[PDB]
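Q: Just passing along the structure, written as structure tokens.
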There are 4 protein chains.
Amino acid sequence: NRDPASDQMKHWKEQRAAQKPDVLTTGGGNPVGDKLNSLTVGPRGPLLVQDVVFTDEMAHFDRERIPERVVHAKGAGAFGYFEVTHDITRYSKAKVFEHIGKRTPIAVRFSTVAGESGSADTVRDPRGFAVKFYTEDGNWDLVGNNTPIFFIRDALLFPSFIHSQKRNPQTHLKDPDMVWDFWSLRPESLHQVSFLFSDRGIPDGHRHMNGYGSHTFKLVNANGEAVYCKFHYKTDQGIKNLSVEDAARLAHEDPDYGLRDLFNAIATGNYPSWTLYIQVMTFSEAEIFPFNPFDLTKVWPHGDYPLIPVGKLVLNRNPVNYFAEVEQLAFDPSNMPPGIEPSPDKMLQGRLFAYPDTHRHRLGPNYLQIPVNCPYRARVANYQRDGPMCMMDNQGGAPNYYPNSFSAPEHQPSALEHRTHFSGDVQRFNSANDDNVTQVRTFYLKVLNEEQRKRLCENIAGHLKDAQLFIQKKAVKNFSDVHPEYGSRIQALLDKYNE
Amino acid sequence: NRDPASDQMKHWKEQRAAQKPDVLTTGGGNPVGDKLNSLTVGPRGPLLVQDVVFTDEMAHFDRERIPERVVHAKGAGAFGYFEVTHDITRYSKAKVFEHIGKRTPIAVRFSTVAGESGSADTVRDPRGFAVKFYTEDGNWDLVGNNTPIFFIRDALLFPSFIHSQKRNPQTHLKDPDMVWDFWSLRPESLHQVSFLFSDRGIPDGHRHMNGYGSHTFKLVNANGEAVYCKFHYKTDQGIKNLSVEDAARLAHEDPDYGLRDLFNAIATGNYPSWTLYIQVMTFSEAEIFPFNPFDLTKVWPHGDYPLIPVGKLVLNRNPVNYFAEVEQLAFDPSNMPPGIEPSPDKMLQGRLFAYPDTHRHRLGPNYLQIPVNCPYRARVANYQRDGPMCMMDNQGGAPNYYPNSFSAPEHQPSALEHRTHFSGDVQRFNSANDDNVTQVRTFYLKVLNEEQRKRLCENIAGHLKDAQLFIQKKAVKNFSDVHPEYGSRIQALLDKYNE
Amino acid sequence: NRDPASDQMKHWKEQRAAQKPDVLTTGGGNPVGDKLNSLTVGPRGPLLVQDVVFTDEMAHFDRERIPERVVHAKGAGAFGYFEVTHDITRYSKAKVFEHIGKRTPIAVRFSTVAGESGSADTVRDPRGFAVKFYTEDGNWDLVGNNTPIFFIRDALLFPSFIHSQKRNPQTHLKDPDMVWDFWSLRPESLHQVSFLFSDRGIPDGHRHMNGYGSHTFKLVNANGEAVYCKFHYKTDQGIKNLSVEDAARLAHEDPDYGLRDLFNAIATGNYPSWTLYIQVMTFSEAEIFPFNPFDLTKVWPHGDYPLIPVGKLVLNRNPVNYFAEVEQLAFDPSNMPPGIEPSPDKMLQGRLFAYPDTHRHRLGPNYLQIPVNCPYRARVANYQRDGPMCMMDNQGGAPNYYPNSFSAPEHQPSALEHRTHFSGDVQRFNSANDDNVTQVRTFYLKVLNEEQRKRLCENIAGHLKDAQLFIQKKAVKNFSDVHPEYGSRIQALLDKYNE
Amino acid sequence: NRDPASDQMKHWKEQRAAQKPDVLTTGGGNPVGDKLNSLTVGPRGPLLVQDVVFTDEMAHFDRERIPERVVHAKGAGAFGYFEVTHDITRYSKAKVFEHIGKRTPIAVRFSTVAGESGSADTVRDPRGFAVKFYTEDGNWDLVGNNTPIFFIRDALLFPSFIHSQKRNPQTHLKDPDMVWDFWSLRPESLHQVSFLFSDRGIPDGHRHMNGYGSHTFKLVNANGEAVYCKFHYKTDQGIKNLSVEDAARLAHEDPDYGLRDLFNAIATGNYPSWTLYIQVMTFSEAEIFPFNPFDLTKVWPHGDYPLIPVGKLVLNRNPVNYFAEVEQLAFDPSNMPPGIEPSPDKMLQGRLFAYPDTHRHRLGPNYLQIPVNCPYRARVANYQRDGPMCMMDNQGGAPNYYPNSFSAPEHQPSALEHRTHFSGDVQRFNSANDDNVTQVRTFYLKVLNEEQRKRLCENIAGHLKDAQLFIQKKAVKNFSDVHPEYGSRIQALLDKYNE
Ligand SMILES: NC(=O)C1=CN([C@@H]2O[C@H](COP(=O)(O)OP(=O)(O)OC[C@H]3O[C@@H](n4cnc5c(N)ncnc54)[C@H](OP(=O)(O)O)[C@@H]3O)[C@@H](O)[C@H]2O)C=CC1
């Protein structure tokens, strides 16, 4: 006997042992009489058009694939629920927090960032940790990473960062010059790069890592009062990492290591679960916060802003078909129910456009009609109609315009947004020089110990040594600008790596 | 008080007066708070991307249209049933014919041929009369017209024909030189053209014209014995035509005359209906048939092959949403249930491929998962997976390959095709010189009376006068080949029209 | 001999008489050996798959259509040039106005609003008068109508307005209840409805109407100083209109009357031309203007803001292929060169998004690479890469990220936008009760004479009579709010129309 | 300094040192003023819709991906030429073989089979070796593999096989049970499976492997006489393989090993080349041939049918943009110039439909208009019009219908297909028990030595051990049927692997 993942078909057959196999039909429901030999003239003659059995199957085979995700293509998925355990209704009116003991179905996707569909699981990368809540006020998508922070803090750079992290356009190979020529030209990546190359760059499967919302968000309660917030869901199975040595072995011994581990855990009743916390910053604490509280390369320190528990995330169910239920999942940060609102984070504002945009391409204009994407615990009612591959009654014969004197849906005034006052020139403000070193300096000195600083510098050198000298030189100076000894240790190792 | 169609909204409100109007949401279910004023910074300030409510709706407004049908774009639709009244189980084992009193749900779409989606309903043009039978053996599409014949008999001439009947590629105007340059060079059109320029060329709506499969099909019974057949469905409401003068007033008075007629008819209870007949020809009779029995420009005369009644087509239901239920209708002549099979009719062979092909472009790769197109009375199970906009469970975790030791669907041997023997060179055979005037001579002399012959030439002459003279000369010569009087009457009128 | 449009094929053949016809190939460049008969097994046999000639052509026939414009679908196109004749460089620095005599290639598309591709040209409807200027600084699309104003003044009402002007979602029929339930509920439409229902509702083709940009636009000069402006391009052929009687005869005698008129004119050297004016309003005059100076339902009176000539628009070239040059034409109001900027106009703000959004759907992601859409007077260079159907080098092996130390394209600082100061609450402001009657009162009394006021009410009553009584009452009341005698005349004619 | 691939960006800069950097625009050509900072209201304010620069780059970054290939997704590409070195004009009249010394431009793509876009190069799999000749008679796509044979010999089983070779639908894990449940039920895979688990299962890059057209094809000379042939192109660099122990290291040390090798060879002037041979079998030798001469699991032994050399394949140019020139590459076995024609091979026949079908889905309706797929050395001319993303003049104002009197393209009678006589019942013929072991017995005993048989059995058992026992026993039985020591060796190793 083997692990449960390997016995999938075995169990599938056992769970059907009594009933008879179904009839094999065409996509049109017509039974086929033989699907192992083609319609031909004589045993050694040519194929016929009449054989619509071959065409109908071959045609659909020819149309299996869709465009993989432009980032976070390698994914693992599982389903479960979220349960409220504490009371934060003084901050947010969101139904998903309405009372202790309330559950909501969730869907999760774990992913790497750079690799394509076929890439190994056990590499050095950040990890996608997206969560879809199916609430009654519509869906809520918390599309977070395993990091509170990110490498850049203005969306316009994002296509550039991702191009630098993916394949050279001519050679179609990973390029350390592209990787580091960007990172060293944009030292705002100092805070996140440090995180990446330390021990938690390679987590041991998806159950031994935290998730963060990273952005600052806005909560809104029943009085109309608003605060800013951070989301942290911390692993109840404990932070556990892989060594460089063991990550590289598994990278060829089991390219689907994290996928397997997740499925096997759920299958044997070993259910992973996370603890959702929030931080809270008042509007007037945001005015005096020493950094930009919406800077995505910054955290809120725990001494001044402690973690306030909210509930538990539990995954207890495996997908049944991976394509339908994991590959077609779409998470839109702009899916926010009343009570949860975006901050002015320059990076979050961009993701409000990008995700629904890319989802209309990747999946199809009516991608929200796909079951796993469908807000199936709310009533979708509005004045949008048509589009390719319409799948419900298309809202019936309801009046399709607004306003109207025929009682088609109405707006709900309690769901209006919180109103903030803003004043300033409409222009492009330079954010390349917000404090790029301070919170990193703290991380290097005060969070890491002696050994971890050693391994941090070795991991950086072990990937920066393939970049040209003028690129190495500038990166080292950036590291020097956090701590002299930081750059020194990397520069001592690069002197050796260069022979 | 007005005709029922004009009161559509009025009635949608009355049928609802007992409820409260719904809540107006986004596509993602989120309630809208204001959908008449945009989110801007100051009363006379600019628009924000934070206004996702605008973008959600506008993005779907921008994607409302799909490609119109490349032919038969202007159409009318309704639903009803087919009911068996006579026994033809000796010829066909199809379940749709199984016993007397058997009902089957049907969908119908009426259409013109050349006009695009905005054209007028009351114009000279054939009429499409497509019927879809939702049988337990899968769907059956009988895609027929209002005429038993077509203008051509090889599918390689079809795109040409359509282009000649549509707009000038540079001026975008209907071009008489294109219509008649083609018809005069291809005299095999003389038959259908004579039908087209007769009174029936302009039916008084869709309820007063007959339907025809036109093609020769094949019927297989339970013993494996096969006959050839034609399908006729005649109007129970009686043939009734518009005159050129009335047709031209309605064309601007009410461009949607045949849509309004079909709708108000069903709404006011006047259910239209048709009587389905078949002709039968034995394989032997096919070998001695003077003409080619698979030549789409020939009828089987009624003296030699009388009409055998089958059942009743009835339309008793109006669509609730036009787009969802009529514009997305896709009829595939290749959808054939066991007991019905195609003949070698060259024109039917080409339609076996073309319709599914254009449905994957017009509607999409999985258009069969659109409700009206779904074989919702059959159990569709096979090894076809994925594709854009996949909407069921994608057949779940079932094994997706055949053969397989895990009891996925199995082929049904009794659904194999009838075996016919063919012999000959694989080679493009010339069919342009099959008899092109005999059956047209009979029609002119023995079906039409004098008045009708008189009008036939005036309708022809009124359109052919716009073609250059050398085209005129050639078309007249084709008509003289049918009957010298037929040609010389046309020519007498052209002599006048040419001043 | 006939008119030039109908002799189009005759000339094509004449223009080629010297040379010999090309070889018939497949889409892959393979010569065919017969394209009139299909490859079959014997003369009466079935069709084969290895007839790739048939497949290659039919599959492309099957994909001829794309989506028609969601609005303004019926159109006619021509090309020519714009010539500067006066110096407005003190208001704008745009290269298209650089010096007197500077010409710029243009492309113009005329259209109606509500009809679909097959509808008639001579109907009551606004007209689209779009102009594309191919300047050195990129393309400038001036997407203008034949009115200075529009029915609404918020873009959130557009989908609704167009829904109410189009077909009933269940009967697919034009619905006078929708039309006037909307207009009566939204009286802001009083101004444009009064234009629509007067003589110029039906122009005598596209060579006898004026063009307008309707929206306020911003002009910026070389010093950085801004002003607000309107564009008027008046016809040098003279205003000329059709009567209700002649418009309706021509709606069935020549559905393509405006297209033929334009084509014939150009083909006979009678080139139509238009005179481009601007109005100018300073930022100070913008604060004291009696109404909102960005309200699309308002004009700037000539006495206070006179016309300032600019140049000529001239159409002297017919399209060679209508589909490739007129149906694939794409205008974007967001295509604006340095010198010309949008005003805060709530309607124009939304056209900034809607058009590129719809163009990616209707045509494709890279619709800007289609010839007629291409800024072929400019040099495109940036960091945008790939997409469906990429057709040039894709910009080669150039670095695809920014910033870079590898001499990829750079920004141009002198192309930065003008800076304006805005202040106020970010909220959705009500514009429903902007003065809806004052400028209409002036039109009714001071611009129309006794005869024209008569016909204006008659045209209104003819169409408003078909709507329910409660909608009539409301609409008349909106007309009495302009002038008692305005609502009176309409009510006396409706009294008659209701028997 | 480093290898040439890593210095791609360095060199691109050097090759431009003399010029100035371009100007960064939008896609419409409009210059940008800053592309590092987003347009916001105040330094810490929300993003605006007015920021079209952001939308135009993000909207295109959201649509970068296209569906990877359904098979052979991981690939490597170059360009070069084919040169005729011998005369085979007595067999084929094709213009690519016209005279000794004639050159044709070619395009090659190497590829694995099962892995997706991100998998490793150095795995056990067959290798694609597609070749596209740009002929004056239109493209010729010789789409070969690195083996003369395949696992199956009917196309209906192909989706199944592939499904069995890829990922479990539920676990998204490679499944050994699936692999060998298929392979053991279908022992016609014995032949190719023995090829795959031998040394040549893992070639040392794409330059040290042969290429085979595999299928039997037809040649036709100028007299209309025809023969059958096999295409073998053998590596001029010599066969070279990797050991299991080196392939697994490289699989995590350089997943793109073969991609880097190809580029580095060409970039350093070391151009790889192949020698094209053919075998020939007369129509009369095909009749007596002991096995089915169109069976894709069978080779033509060299003693009886010796290689005849034809020409050289040389690759001497790297792609400049990988996506445009390698990812968008499209081969069609159906692209065949006069002189070359398909054999009745059941597999090949299916491939005549599949490839254009999937290319329309993957790339788009007009994929042949992409530069790298264009037949840019023939003149394409026909009656196919329009489609999404229409790019040339759409063939201008030419008559779009056939036949016509206006001198639009004409068919070429010399380009008709060779005529073969076929006879038999139209039915589905069972080919599952054509000889499945003979040629495999010959390979095991006569081609492999002692060591190689040893490594063959070790390779097979190492992967079959993970399959259930009832699958093991069957597969072993299929191996005993080739040779008792074959299935007994494998059984000895499995006995140990099962502890
Ligand atoms: N006739 C053919 O086209 C081929 C036959 N074979 C095998 O050879 C057997 C006998 O044919 P015959 O022509 O009389 O034999 P020959 O001795 O004439 O030729 C044997 C062929 O086998 C190839 N070969 C050698 N080792 C391997 C391996 N590990 N994997 C794959 N191919 C290999 C060689 O290709 P190379 O020239 O590259 O060394 C050679 O062309 C067949 O049963 C068949 O399995 C294999 C390939 C082609």
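Letters for chains follow the order of the structure tokens (A, B, ...), residue numbers begin at 1 for each chain, and ligand numbers begin at 1 in the order shown.
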Need the shell around residue 1 of chain C: protein/DNA/RNA residues with any atom at most 12 Å away, counting only C-alpha atoms. Skip same-chain ones fewer than 2 positions apart. Format as a list in words?

A: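 Once the nearby chain positions are removed, what remains is residues 466, 467, 468, 469, 498 and 499 of chain B; 3, 4, 5, 6, 7 and 10 of chain C.
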
Q: Contacts from chain C to chain D, 7 Å maximum, only C-alpha atoms: show me the residue list as a short mmCIF file (atom, residue, chain, number, x, y, z; two decimals) with N, CA and C atoms, in the first residue's frame.

A:
data_model
loop_
_atom_site.label_atom_id
_atom_site.label_comp_id
_atom_site.auth_asym_id
_atom_site.auth_seq_id
_atom_site.Cartn_x
_atom_site.Cartn_y
_atom_site.Cartn_z
N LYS C 13 -11.80 45.44 -63.30
CA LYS C 13 -11.39 44.61 -64.42
C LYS C 13 -10.73 45.45 -65.50
N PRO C 21 -4.69 37.10 -64.86
CA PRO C 21 -5.21 36.80 -63.52
C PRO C 21 -4.24 36.00 -62.67
N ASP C 22 -4.25 36.25 -61.36
CA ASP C 22 -3.36 35.55 -60.45
C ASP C 22 -3.75 34.08 -60.31
N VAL C 23 -2.90 33.32 -59.61
CA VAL C 23 -3.14 31.89 -59.38
C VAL C 23 -3.90 31.69 -58.08
N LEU C 24 -4.93 30.84 -58.14
CA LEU C 24 -5.74 30.49 -56.97
C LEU C 24 -4.97 29.52 -56.09
N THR C 25 -4.69 29.95 -54.88
CA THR C 25 -3.87 29.24 -53.92
C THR C 25 -4.72 28.98 -52.69
N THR C 26 -4.17 28.20 -51.77
CA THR C 26 -4.75 28.13 -50.44
C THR C 26 -4.20 29.25 -49.58
N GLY C 27 -4.79 29.39 -48.40
CA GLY C 27 -4.35 30.42 -47.48
C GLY C 27 -2.89 30.21 -47.16
N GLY C 28 -2.42 28.98 -47.38
CA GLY C 28 -1.02 28.68 -47.21
C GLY C 28 -0.18 28.87 -48.45
N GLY C 29 -0.73 29.41 -49.55
CA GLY C 29 0.04 29.65 -50.75
C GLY C 29 0.21 28.46 -51.67
N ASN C 30 -0.61 27.39 -51.49
CA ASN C 30 -0.60 26.19 -52.34
C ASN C 30 -1.58 26.37 -53.50
N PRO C 31 -1.17 26.18 -54.76
CA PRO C 31 -2.14 26.30 -55.86
C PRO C 31 -3.17 25.18 -55.82
N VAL C 32 -4.42 25.54 -56.01
CA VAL C 32 -5.49 24.56 -56.10
C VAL C 32 -5.61 24.12 -57.56
N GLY C 33 -6.13 22.92 -57.79
CA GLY C 33 -6.29 22.42 -59.15
C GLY C 33 -7.73 22.35 -59.63
N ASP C 34 -8.66 22.64 -58.72
CA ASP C 34 -10.08 22.77 -59.02
C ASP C 34 -10.82 23.19 -57.75
N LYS C 35 -11.52 24.33 -57.79
CA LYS C 35 -12.21 24.83 -56.61
C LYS C 35 -13.72 24.98 -56.85
N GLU C 57 -11.08 26.83 -47.09
CA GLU C 57 -11.92 27.96 -47.46
C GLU C 57 -13.13 28.06 -46.55
N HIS C 60 -12.58 29.53 -43.13
CA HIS C 60 -12.39 30.98 -43.14
C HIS C 60 -13.69 31.70 -43.40
N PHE C 61 -14.49 31.19 -44.34
CA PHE C 61 -15.86 31.67 -44.45
C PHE C 61 -16.55 31.62 -43.10
N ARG C 63 -15.54 32.15 -40.32
CA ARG C 63 -14.99 33.11 -39.37
C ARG C 63 -14.92 34.51 -39.98
N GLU C 64 -15.83 34.83 -40.91
CA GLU C 64 -15.79 36.13 -41.57
C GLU C 64 -16.22 37.26 -40.63
N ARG C 65 -17.25 37.03 -39.81
CA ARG C 65 -17.85 38.11 -39.02
C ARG C 65 -17.09 38.34 -37.72
N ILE C 66 -17.17 39.57 -37.23
CA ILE C 66 -16.71 39.92 -35.89
C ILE C 66 -17.92 40.55 -35.21
N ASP C 137 3.02 63.31 -33.39
CA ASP C 137 2.94 63.00 -31.97
C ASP C 137 1.97 61.86 -31.66
N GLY C 138 1.66 61.02 -32.64
CA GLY C 138 0.68 59.97 -32.49
C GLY C 138 -0.66 60.37 -33.06
N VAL C 320 -10.79 51.17 -50.33
CA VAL C 320 -10.57 50.12 -51.32
C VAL C 320 -11.19 48.79 -50.88
N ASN C 321 -11.18 48.52 -49.57
CA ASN C 321 -11.89 47.39 -48.98
C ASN C 321 -12.59 47.89 -47.73
N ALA C 324 -11.75 46.17 -44.30
CA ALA C 324 -10.42 46.32 -43.72
C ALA C 324 -10.12 47.76 -43.33
N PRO C 337 -2.84 64.08 -28.50
CA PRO C 337 -1.43 64.44 -28.53
C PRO C 337 -1.14 65.53 -27.52
N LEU C 363 -12.37 43.96 -31.69
CA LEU C 363 -11.32 43.66 -32.66
C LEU C 363 -10.23 42.77 -32.11
N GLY C 364 -9.65 43.12 -30.97
CA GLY C 364 -8.66 42.27 -30.34
C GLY C 364 -7.68 43.06 -29.50
N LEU C 368 -4.55 48.05 -32.30
CA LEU C 368 -3.80 49.20 -32.74
C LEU C 368 -2.71 48.85 -33.75
N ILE C 370 -3.57 47.02 -36.49
CA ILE C 370 -4.25 46.98 -37.79
C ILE C 370 -3.87 48.23 -38.57
N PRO C 375 -0.63 54.27 -35.72
CA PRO C 375 -0.08 55.63 -35.78
C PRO C 375 1.10 55.73 -36.75
N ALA C 378 3.82 58.11 -36.76
CA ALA C 378 4.61 58.19 -35.55
C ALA C 378 5.41 56.91 -35.40
N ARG C 379 6.29 56.91 -34.41
CA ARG C 379 7.15 55.77 -34.11
C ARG C 379 6.74 55.23 -32.76
N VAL C 380 6.14 54.05 -32.75
CA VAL C 380 5.77 53.42 -31.50
C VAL C 380 7.02 52.75 -30.93
N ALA C 381 7.22 52.92 -29.63
CA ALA C 381 8.30 52.24 -28.92
C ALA C 381 7.97 52.27 -27.43
N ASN C 382 7.97 51.10 -26.79
CA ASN C 382 7.68 51.06 -25.36
C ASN C 382 8.06 49.72 -24.73
N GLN C 384 5.57 47.27 -23.96
CA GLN C 384 4.41 46.42 -24.11
C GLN C 384 4.72 45.32 -25.12
N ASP C 386 3.91 41.16 -26.74
CA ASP C 386 3.07 39.99 -26.98
C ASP C 386 1.59 40.37 -27.11
N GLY C 387 0.70 39.48 -26.65
CA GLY C 387 -0.71 39.58 -26.94
C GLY C 387 -1.12 38.72 -28.13
N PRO C 388 -2.41 38.41 -28.25
CA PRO C 388 -2.86 37.64 -29.41
C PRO C 388 -2.59 38.39 -30.70
N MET C 389 -2.03 37.67 -31.68
CA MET C 389 -1.89 38.16 -33.05
C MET C 389 -1.00 39.41 -33.10
N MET C 391 2.19 41.35 -34.75
CA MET C 391 2.37 41.36 -36.20
C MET C 391 3.59 42.08 -36.71
N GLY C 396 11.26 43.51 -31.28
CA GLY C 396 12.55 42.83 -31.33
C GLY C 396 13.06 42.19 -30.05
N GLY C 397 14.38 42.27 -29.81
CA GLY C 397 14.98 41.80 -28.57
C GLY C 397 15.25 42.91 -27.57
N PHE C 406 20.05 49.97 -20.17
CA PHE C 406 20.37 49.38 -21.47
C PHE C 406 19.74 50.16 -22.62
N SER C 407 19.45 51.45 -22.41
CA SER C 407 19.14 52.38 -23.51
C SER C 407 17.88 51.94 -24.25
N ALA C 408 16.89 51.46 -23.51
CA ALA C 408 15.57 51.25 -24.05
C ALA C 408 14.81 52.58 -24.01
N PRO C 409 13.59 52.63 -24.55
CA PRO C 409 12.94 53.94 -24.72
C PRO C 409 12.84 54.74 -23.44
N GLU C 410 12.91 56.06 -23.59
CA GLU C 410 12.92 57.03 -22.50
C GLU C 410 11.67 57.90 -22.51
N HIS C 411 11.35 58.48 -21.36
CA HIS C 411 10.22 59.40 -21.30
C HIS C 411 10.62 60.74 -21.91
N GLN C 412 9.60 61.52 -22.29
CA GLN C 412 9.81 62.86 -22.84
C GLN C 412 9.17 63.86 -21.89
N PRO C 413 9.95 64.64 -21.13
CA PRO C 413 9.32 65.42 -20.04
C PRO C 413 8.38 66.50 -20.54
N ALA C 415 6.15 66.32 -22.58
CA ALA C 415 4.85 65.75 -22.88
C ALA C 415 4.00 65.55 -21.63
N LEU C 416 4.40 66.11 -20.49
CA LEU C 416 3.65 65.96 -19.25
C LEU C 416 2.37 66.79 -19.29
#

Q: List as a PDB file with C-alpha atoms, in the first residue's frame the protein and nucleic acid residues near segment 461-465 of chain D, meaning an atom at most 7 Å away when only C-alpha atoms are counted, but skip any in the same chain fewer than 6 places from it.

A:
ATOM      1  CA  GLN D 472       2.970  -5.044 -13.129  1.00  0.00           C
ATOM      2  CA  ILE D 490      12.123  -7.219 -15.541  1.00  0.00           C
ATOM      3  CA  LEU D 493      14.188  -6.536 -10.642  1.00  0.00           C
ATOM      4  CA  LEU D 494      10.577  -5.843  -9.663  1.00  0.00           C
ATOM      5  CA  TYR D 497      11.905  -3.325  -5.748  1.00  0.00           C
TER       6      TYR D 497
END

Q: Write out, as CSV, each residue of chain D that has an atom at most 10 Å from ligand 1, together with the closest pair of atoms and their distance in Å to one decimal, counting only C-alpha atoms and all ligand atoms, rows going by chain and rising number.

A:
residue,atom,partner,partner_atom_place_in_ligand_line,distance
D:146,CA,ligand 1,31 (C),9.1
D:147,CA,ligand 1,47 (C),7.2
D:148,CA,ligand 1,48 (C),6.0
D:149,CA,ligand 1,47 (C),8.5
D:191,CA,ligand 1,45 (O),7.0
D:192,CA,ligand 1,45 (O),8.3
D:194,CA,ligand 1,30 (N),7.9
D:195,CA,ligand 1,30 (N),4.9
D:196,CA,ligand 1,30 (N),7.4
D:197,CA,ligand 1,29 (N),8.6
D:198,CA,ligand 1,29 (N),5.2
D:199,CA,ligand 1,29 (N),5.2
D:200,CA,ligand 1,30 (N),5.2
D:201,CA,ligand 1,30 (N),7.6
D:208,CA,ligand 1,38 (O),9.8
D:209,CA,ligand 1,38 (O),7.8
D:210,CA,ligand 1,38 (O),6.4
D:211,CA,ligand 1,38 (O),9.2
D:212,CA,ligand 1,48 (C),8.9
D:214,CA,ligand 1,3 (O),8.9
D:230,CA,ligand 1,3 (O),8.5
D:231,CA,ligand 1,3 (O),9.5
D:232,CA,ligand 1,3 (O),8.1
D:233,CA,ligand 1,38 (O),9.5
D:234,CA,ligand 1,38 (O),6.7
D:235,CA,ligand 1,38 (O),8.1
D:238,CA,ligand 1,38 (O),8.3
D:239,CA,ligand 1,38 (O),6.7
D:241,CA,ligand 1,29 (N),9.6
D:279,CA,ligand 1,3 (O),8.7
D:297,CA,ligand 1,45 (O),9.6
D:298,CA,ligand 1,44 (C),8.0
D:299,CA,ligand 1,3 (O),5.0
D:300,CA,ligand 1,1 (N),4.8
D:301,CA,ligand 1,13 (O),3.7
D:302,CA,ligand 1,13 (O),3.5
D:303,CA,ligand 1,14 (O),5.7
D:304,CA,ligand 1,13 (O),7.9
D:305,CA,ligand 1,1 (N),8.0
D:306,CA,ligand 1,13 (O),8.2
D:307,CA,ligand 1,3 (O),8.7
D:437,CA,ligand 1,43 (O),9.4
D:438,CA,ligand 1,43 (O),7.4
D:439,CA,ligand 1,43 (O),3.8
D:440,CA,ligand 1,43 (O),5.5
D:441,CA,ligand 1,43 (O),7.0
D:442,CA,ligand 1,43 (O),4.6
D:443,CA,ligand 1,45 (O),4.2
D:444,CA,ligand 1,45 (O),7.7
D:445,CA,ligand 1,9 (C),9.2
D:446,CA,ligand 1,10 (C),7.2
D:447,CA,ligand 1,25 (C),5.7
D:448,CA,ligand 1,26 (N),6.3
D:449,CA,ligand 1,26 (N),9.3
D:452,CA,ligand 1,29 (N),7.6
D:453,CA,ligand 1,29 (N),9.3
D:456,CA,ligand 1,29 (N),8.8

Q: Extract the full set of strand (DSSP E or B) residues from segment 7-132 of chain A according to DSSP on the backbone, and format it as number ranges by chain.

A: A: 23, 25, 31, 39-41, 47-48, 75-84, 103-111, 128-132

Q: Please extract the residues of segment 159-254 of chain B with a backbone DSSP assignment of helix (DSSP H, G or I) and present them as a PyMOL selection string.

A: chain B and resi 159-165+176-185+187-196+199-201+206-208+244-253

Q: Interatomic distance between atom CA of residue 118 of chain D and atom CA of residue 355 of chain A?

A: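 If I compute the distance from atom CA of residue 118 of chain D to atom CA of residue 355 of chain A, I get 22.9 Å.
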
Q: In Å, rounded to a single decimal, give me how far atom CA of residue 94 of chain A is from atom CA of residue 339 of chain A.

A: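 Between atom CA of residue 339 of chain A and atom CA of residue 94 of chain A the gap is 4.5 Å.
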
Q: Near residue 282 of chain C, within 12 Å and counting only C-alpha atoms, which residues show up once chain neighbours fewer than 4 positions away are dropped, as a VMD selection string?

A: chain C and resid 91 216 to 220 225 to 230 286 to 289 293 305
